[PDB]
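Engineer: Following this: a sequence and the matching experimental structure.
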Amino acid sequence: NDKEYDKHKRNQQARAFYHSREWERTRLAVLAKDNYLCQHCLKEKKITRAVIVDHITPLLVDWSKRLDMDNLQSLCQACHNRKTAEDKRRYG
Ligand SMILES: [Mn+2]
């Protein structure tokens, strides 16, 4: 195909993923395993409630790792925002 169409299909697939039964289940499994604590904060010796589960390697970078628990981290907002900025340096 053309690059634009493949990008469109990739993005539509990623959008749908977050509505999926498998994501809903896996998100809960990760939060539960993490006791709803931000994992980056914990590494920095801080206790902060997690509000989101983020892909370490972004979903749009490696579709194959979309449901891998070792590719998922519970994060607080500050750490999610920090990671989002960092990932822009990596990927755009
Ligand atoms: Mn944090």
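Structural biologist: Received, thanks. Numbering: from 1, shown residues only.

Engineer: Around the ion, pick out the residues from this structure.
Structural biologist: By CB under 5 Å from the ion, the residues of the chain that approach the ion are 38, 40, 41, 48, 76, 79. Every C-beta, even on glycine, is put in place using the N, C-alpha and C of the backbone.

Engineer: Can I get the buried part of those residues as one ChimeraX selection?
Structural biologist: Buried members of the residues of the chain next to the ion, defined by 16 or more other CB atoms under 10 Å, are picked up in ChimeraX with:
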select :38,40,41,48,76,79
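
Engineer: Now for the residues of the chain next to the ion: which two are most distant?
Structural biologist: Pairwise distances across these peak at 8.7 Å for 40 and 48 (criterion: CB to CB).

Engineer: residues shared between the contacts of these two?
Structural biologist: Applying CB atoms under 8 Å, 6 or more residues apart in numbering, one finds that residue 40 and residue 48 are jointly contacted by 76, 79.

Engineer: The residues of the chain next to the ion into JSON lines, with extra columns for distance to residue 8?
Structural biologist: Below are the residues of the chain next to the ion laid out as JSON lines (distance: CB to CB, whole Å):
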{"residue": "38", "distance to residue 8": "34"}
{"residue": "40", "distance to residue 8": "32"}
{"residue": "41", "distance to residue 8": "36"}
{"residue": "48", "distance to residue 8": "37"}
{"residue": "76", "distance to residue 8": "33"}
{"residue": "79", "distance to residue 8": "31"}
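
Engineer: Out of the residues of the chain next to the ion, list just those in helices.
Structural biologist: The members of those that map onto helices under DSSP state H are 40, 41, 79.

Engineer: just the helices in this protein please.
Structural biologist: 3-17, 21-33, 39-43, 77-91.

Engineer: Can you say which of those helices is packed in most?
Structural biologist: Most buried of the helices of the chain, by mean neighbour count (mean count of other CB atoms under 10 Å): helix 39-43, with a mean of 17.

Engineer: so how far is it off the chain centroid?
Structural biologist: Its chain's C-alpha centre and that of helix 39-43 lie 15 Å apart, by CA atoms, centre = their mean, to the nearest Å.
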